[PDB]
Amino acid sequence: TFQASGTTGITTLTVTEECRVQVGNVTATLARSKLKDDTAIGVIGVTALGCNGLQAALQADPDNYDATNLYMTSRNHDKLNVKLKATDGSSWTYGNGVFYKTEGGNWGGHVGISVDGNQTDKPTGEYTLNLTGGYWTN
């Protein structure tokens, strides 16, 4: 079970055509044709404190998952299925919107987000994923 305790981090990806124009703050873009399985999207920093004896976890917003997939979502509820992996090779489990660390205790590092399955038929626009910090108990 996830218990919320911590802050929420936003990850944004804008799906574009091959010609694209970035305006203002620099944020990630990928052309439709580049939405292939395992394509890197972004990284999010994660730091777990005061967690001796407990397993660090992230929870996706309910706008970002269903029973089978984690996904970034557009303003029109278009969905880009994605997957999470810690960059340090540490062991985590994903299911039902929760990404939780196998070994307990403090940890700091980064979680990579990548495309989960070929999705070149998805539309252009801004997609967002919110992940909230907390811990997992059994």
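Numbers for residues come from their place in the sequence shown, where the first is 1.
Once the C-alpha B-factors are averaged per stretch, 49-57 and 33-41 rank with 49-57 first. Per the PDB record, residue ranking by Cα B-factor puts residue 108 in the highest third of the chain. Ranked by Cα temperature factor within the chain, residue 64 sits in the middle third according to the deposited record. In the PDB entry, a CA B factor belonging to the lowest third of its chain's modelled residues is recorded for residue 22. In the deposited entry, the Cα temperature factor of residue 83 places it in the lowest third of its chain's modelled residues. Placement of the Cα temperature factor of residue 89 within the chain: highest third of the modelled residues, per the deposited record.
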